[PDB]
Ligand SMILES: *[C@](O)(C(=O)NC1CC1)[C@H](C[C@@H]1CCNC1=O)NC(=O)[C@H](CC(C)C)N1C[C@@H](NC(=O)OCc2ccccc2)CC1=O
Ligand SMILES: *[C@](O)(C(=O)NC1CC1)[C@H](C[C@@H]1CCNC1=O)NC(=O)[C@H](CC(C)C)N1C[C@@H](NC(=O)OCc2ccccc2)CC1=O
């Protein structure tokens, strides 16, 4: 019992974090096998960052201009290339702590663990969702660029995020490990705005199931609805439209609780229209959308 | 920018978690040097748990009745003793992954990271406070007993909590690593109730400073107050009384923001009396008390 925002254990990722320095700029890199991954803006001077030509800035850079440091030890850079918005530095030593891993580009609404790092050293770990507007609600200071997001499947680390930037609303944007931004963001110091911050409906439903599993059922009402009827109300509150695929994903939680998804949708509809009347659900006063159905099942079944 | 509930990186603690089995009961233990620590109720049958005599139950137990398993490997138990509500199992192998560590009994209002474990394997990591009523708001299932809470000071792990039980309100209770419960709880299957859940005032103040640091200052009003005036309102809302020691601890955040602690107390007073008017502070609709002043400074300064 109880329900918390829970990160993956970070040990396997801690052993991959290094410091990368190019001139005066020090950020985080990810050391897997004989390659270090880091944001390409490590090569920028404070003036370059205004409107950089990365191709031109790389003409000026050689292997020896990248200092890679793994705790107290200097790694030897024997190659470098740019892939989209990431630099890949080939080093002469395979990381002996390299876990089983893969690179994934995550879908909007999916969650991952962030290991916030400074100067190649772990600060802390917390869970984030890739929001529909391709931003995340993180906690990142100067020095955090190159911090990574990940999931763990038993022993395999799925790396899905590399931290690059902060946006006006105090939210964050970054790339997959192939250097492609989530969203329409670019790695330059120009004003960029997040689009409408739509709510992940299927995750709100999942969290309401979690509330029922933990004995909090005050908000279950006597109504049901239809997908089309619910979605008319969703669009009004900038909720993602619910589809049969979403209903299917909530199936195991519906089965566990004996509450049909469309009955839970009806309860969600009345919470949207009437608010919580100063009551709380799993210790929250607002509707939480950063738990996936899998996060709920995992937590409630001890995976 | 941004502000999140952040756990310590868990790698150094992951390497200490083992499975302990006594008969049909399997729980978590903590392997440091040549000693495994676990809850003494590992020795209880499902009937024993109703009113156990632990001293008598231990007459029946020998070294060979404790199965300790570290991943795939069986450790050899060469000694056992009970210290308060914990068992200490002496094994013939020092844990080679033992970090620098200490055992601390934490004060009410202080925070720590929990590594939730099942069958000796890490499930996830999240931050908790030791509440004034000596309970924590965790996420624990059957199998989680022996999961530990900790802080990290640079390289040194301070272990402060071992998980034993759940309470009616869906909150949790456990011991320090010397086997002494936080609070008046006992390790037996009898109905136990948490006392009044008082709010950690100094931590709410800290979180309001965090809000100001992150540009959220809508709730700063034109008033100041006195310790005694504030405390009259505190006691009404079951807040901890504020003392000069609390003011001194908030000093660095006051200095950082240029908001005198007693001005922030006046803002807190009006939030208690008037509520948030459906507004939010750092993405929350209620007053958060599980961040210490140190948690705020650490997060806002990249420690
Ligand atoms: C990382 O580059 C970083 O940590 N660098 C290490 C060397 C110190 C940094 C992380 C940010 C900084 C604060 N919190 C974070 O997450 N990222 C940047 O500074 C971004 C640099 C670009 C990728 C080149 N960056 C640029 C900045 N953009 C900006 O100022 O645009 C103009 C603007 C005008 C008005 C209002 C707002 C913005 C945001 C950003 O993160
Ligand atoms: C741990 O013992 C555990 O994980 N054991 C491993 C072998 C499976 C367990 C953890 C709990 C279980 C669910 N979530 C948790 O955190 N702890 C217990 O089961 C406690 C056992 C005692 C320490 C011996 N325990 C006893 C139970 N008490 C109880 O039922 O009292 C009567 C009551 C009456 C009415 C209403 C409520 C309670 C609570 C508890 O955690």
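Numbering, chain B: per Swiss-Prot, residues 3264-3566 in sequence.
Heads up, header says this was done by X-ray crystallography, 1.9 Å.
The backbone N, Cα and C atoms fix where each Cβ goes, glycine too.
Straight from Swiss-Prot, the features:
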type	residues	note
CROSSLNK	B:3268	ubiquitin cross-link
ACT_SITE	B:3304	active site, for 3CL-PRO activity
CROSSLNK	B:3353	ubiquitin cross-link
ACT_SITE	B:3408	active site, nucleophile
### Message
Sub-8 Å Cβ contact with chain A: please pick out which of the recorded positions B:3304, B:3353, B:3408 have it.
### Response
none
### Query
Near ligand 2, which of the recorded positions B:3268, B:3353, B:3408 are found, taking a Cβ distance under 6 A to any of its atoms?
B:3408
### Query
Which of these recorded positions is closest to the residue listed as 'active site, nucleophile' if you go by CA atoms: B:3268, B:3304, B:3353?
B:3304
### Query
Which state, by DSSP, holds residue B:3408 (active site, nucleophile): helix, strand or coil?
coil
### Summary
Students should find that the Cα atoms of residue B:3268 (ubiquitin cross-link) and residue B:3304 (active site, for 3CL-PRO activity) sit apart, in Å rounded to an integer, by 32
### Summary
Cα-Cα, the residue listed as 'active site, for 3CL-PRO activity' versus residue B:3353 (ubiquitin cross-link), nearest Å, comes out at 17
### Query
residue B:3408 (active site, nucleophile) has how many other Cβ neighbours within 10 Å of its own Cβ?
25
## Note on the structure
Around the Cβ of residue B:3268 (ubiquitin cross-link), other Cβ atoms found within 10 Å total 20
### Query
Long-range same-chain neighbours of residue B:3353 (ubiquitin cross-link), Cβ under 8 Å, sequence gap at least 6?
B:3297, B:3298, B:3340, B:3341, B:3342, B:3343
